[PDB]
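Below is one structure, written out as structure tokens; the observations come after it.
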Amino acid sequence: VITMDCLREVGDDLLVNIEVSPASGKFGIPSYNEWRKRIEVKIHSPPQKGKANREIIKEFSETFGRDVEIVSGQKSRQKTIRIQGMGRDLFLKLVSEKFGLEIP
């Protein structure tokens, strides 16, 4: 289930560890784990082809309406999505709102 951390609260921005992908129909972005160091997000087929990078800010930003940026290392697909103007509760809120899941 969803009960792990991954989102980092940094100023008016928030950092999350996931793959290069925003979230298709209904913000679909569960919690991430260090073990996997990779989270599974939901998006279109064009995004999961790489566009997910540019689509992230497109969908991600649209999904919630905030700023997003693929951090970490996209080179290996596994990177960190940095959200600007957002926080932890925010990301979680959407997850709890959309994903209906909360991270304690």
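We name chains A, B, ... following the order of the structure tokens; residues begin at 1 in each chain, and ligands are numbered from 1 as shown.
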
| query | If you count only C-alpha atoms, which residues fall within 12 Å of residue 96 in chain A, apart from same-chain ones fewer than 6 positions away, as an MDAnalysis selection string? | reply | chainID A and resid 2:3 26:31 88:90 102:104

| task | Pick out the residues sitting within 9 Å of residue 13 in chain A, and hand them over as a PyMOL selection string; count only C-alpha atoms, and ignore anything fewer than 3 positions along from it in its own chain. | result | chain A and resi 8-10+67+82-88

Write out the residues from the selection above, keeping N, CA and C atoms, as a CSV table (one decimal), in the first residue's frame.
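See selection01.csv below for the written result:
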chain,number,residue,atom,x,y,z
A,8,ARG,N,10.5,15.3,-0.6
A,8,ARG,CA,11.3,16.2,0.3
A,8,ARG,C,10.8,17.6,0.3
A,9,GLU,N,10.5,18.1,1.5
A,9,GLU,CA,10.0,19.4,1.7
A,9,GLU,C,11.2,20.4,1.7
A,10,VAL,N,11.3,21.1,0.6
A,10,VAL,CA,12.3,22.1,0.5
A,10,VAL,C,11.7,23.5,0.1
A,67,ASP,N,4.4,23.5,-10.2
A,67,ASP,CA,5.6,23.3,-11.1
A,67,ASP,C,6.2,22.0,-10.8
A,82,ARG,N,11.2,17.3,-8.9
A,82,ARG,CA,11.2,18.5,-8.0
A,82,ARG,C,10.0,19.4,-8.3
A,83,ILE,N,9.1,19.5,-7.4
A,83,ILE,CA,7.9,20.4,-7.5
A,83,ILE,C,8.2,21.7,-6.9
A,84,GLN,N,7.8,22.8,-7.6
A,84,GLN,CA,8.0,24.1,-7.2
A,84,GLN,C,6.7,24.7,-6.7
A,85,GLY,N,6.8,25.4,-5.6
A,85,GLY,CA,5.6,26.0,-5.0
A,85,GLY,C,4.7,25.0,-4.3
A,86,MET,N,5.2,23.8,-4.3
A,86,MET,CA,4.5,22.7,-3.6
A,86,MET,C,5.3,22.2,-2.4
A,87,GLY,N,4.6,21.4,-1.6
A,87,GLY,CA,5.2,20.8,-0.4
A,87,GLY,C,5.0,19.3,-0.4
A,88,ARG,N,5.0,18.8,0.9
A,88,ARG,CA,4.8,17.4,1.1
A,88,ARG,C,3.3,17.1,1.1

| field | For residue 64 in chain A, the nearest of the candidates A:91, A:76, A:36, A:42, counting only C-alpha atoms | value | A:91

| message | For residue 35 in chain A, find every residue with an atom within 12 Å (counting only C-alpha atoms), except residues of its own chain fewer than 3 positions away, and show them as a PyMOL selection string. | response | chain A and resi 4-6+17+32+38-39

| said: Which of chain A end up as alpha helix (DSSP H) when DSSP is run on this backbone - answer as a list in words? | reply: residues 52, 53, 54, 55, 56, 57, 58, 59, 60, 61, 62, 63, 64, 88, 89, 90, 91, 92, 93, 94, 95, 96 and 97 of chain A

| message | Can you pull out the residues contacting residue 75 in chain A? Cut-off 12 Å, using only C-alpha atoms, and skip same-chain residues under 3 positions away; I want them as a list in words. | response | residues 19, 20, 50, 53, 70, 71, 72, 78, 79 and 80 of chain A
